[PDB]
Amino acid sequence: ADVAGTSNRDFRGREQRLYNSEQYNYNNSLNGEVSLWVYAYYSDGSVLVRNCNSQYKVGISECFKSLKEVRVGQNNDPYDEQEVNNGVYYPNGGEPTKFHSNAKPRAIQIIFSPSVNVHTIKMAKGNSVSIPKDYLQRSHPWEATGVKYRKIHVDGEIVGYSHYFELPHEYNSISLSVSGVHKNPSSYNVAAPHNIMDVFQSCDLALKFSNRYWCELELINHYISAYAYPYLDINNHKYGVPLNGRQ
Ligand SMILES: Nc1nc2c(ncn2[C@@H]2O[C@H](COP(=O)(O)OP(=O)(O)OP(=O)(O)O)[C@@H](O)[C@H]2O)c(=O)[nH]1
Ligand SMILES: Nc1ncnc2c1ncn2[C@@H]1O[C@H](COP(=O)(O)OP(=O)(O)OP(=O)(O)O)[C@@H](O)[C@H]1O
Ligand SMILES: [Cl-]
Ligand SMILES: [Mg+2]
Ligand SMILES: [Mg+2]
């Protein structure tokens, strides 16, 4: 046989490149996943991830309470934190023993898989009682924030998209929903009658994941890197696996 890495008959090499290219392109096909991660960062350095993976479109919807840090199996002062909730839903509305709950997120990162179309991204960043813009009567139920999403590049490939905002002020008390639609450069509408019921089933079939990792390092190591997910850390370092046309 020919010698490795010297000719056009390195079929092992060609197969490796095709395998990676096939995965990249499968993900972008209408058969493929689109994925959404919402990261809530807490002052103790831990990070809650909410993830949903689904065909056609994907979303996550959280309220003020559900974004709060919960240390499973440890003390969370649940009565005091209910009083925090009461005091955040209406000023002077509760009697907790604290001015600022350390269970409040300090920041949010939203990451989409590379198979999203950024023009379809919508976000409802609402107030603490789940209204998009102060009062329902004046609220558009979402903002289209795609122009703010940064490309996560690795080796010149877009491995995902990130929108990051800090919540450093005392009044940054939010509710949050996010939605994105899978790429569809074809004119075949996946939700027109020929395929519409499959999109309804995709709502059933969407797989969700949630966990609180003790720090960003642990998240990078045992979540992001373990499962070939895109990520952008606090030092603006990019994580992901470039696949298209690559060995
Ligand atoms: N493209 C390129 N890569 C370099 C160069 N010097 C060092 N590198 C390293 O080599 C890596 C790319 O090597 P290859 O993947 O084998 O070459 P390629 O440019 O991708 O071309 P292909 O054979 O089509 O894959 C990069 O990740 C760089 O870190 C250079 O001058 N050009
Ligand atoms: N020293 C080099 N000279 C020429 N081309 C390179 C070199 N290093 C990488 N490249 C090529 O340039 C393209 C972009 O790769 P690069 O490593 O810059 O991507 P990146 O990870 O987005 O970069 P960075 O995160 O450092 O800004 C890739 O196709 C890669 O093969
Ligand atoms: Cl397709
Ligand atoms: Mg009292
Ligand atoms: Mg290469």
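Throughout, numbering of the chain's residues begins at 1 and tracks the sequence. Start at 1 and go down the list; that is how both ligands and their atoms are numbered.
Of all the N, O or S atoms in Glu95, the one closest to the Mg ion (ligand 4) is OE2.
For ligand 2, the 4.0 Å heavy-atom shell takes in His153, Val154, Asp155, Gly156, ordered by chain and residue number.
A centroid separation of less than 6.0 Å is found between the aromatic rings of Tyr239 and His237.
In this structure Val88 satisfies the side chain to side chain contact (heavy atoms under 4.5 Å, CB included) test together with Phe64, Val84, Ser128, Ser173, sequence neighbours excluded.
In this structure, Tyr135 stands alone, with no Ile, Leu, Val, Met, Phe, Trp or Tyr side-chain heavy atom under 4.5 Å from its own, directly or through other members.
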Which side-chain N or O atoms in residues 141-154 pair as donor and acceptor under 3.5 Å with protein atoms at least two apart or in another chain?
unit_1, atom_1, unit_2, atom_2, d
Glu143, OE1, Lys133, NZ, 3.0
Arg150, NH1, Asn236, OD1, 2.8

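With rounding to the nearest 0.5 angstrom, the CD atom of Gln247 is 10.0 Å from the CG atom of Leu18.
Ring-plane geometry between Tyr227 and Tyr229 is classed as tilted, the angle between the planes lying from 30 to 60 degrees on a 0 to 90 degree scale.
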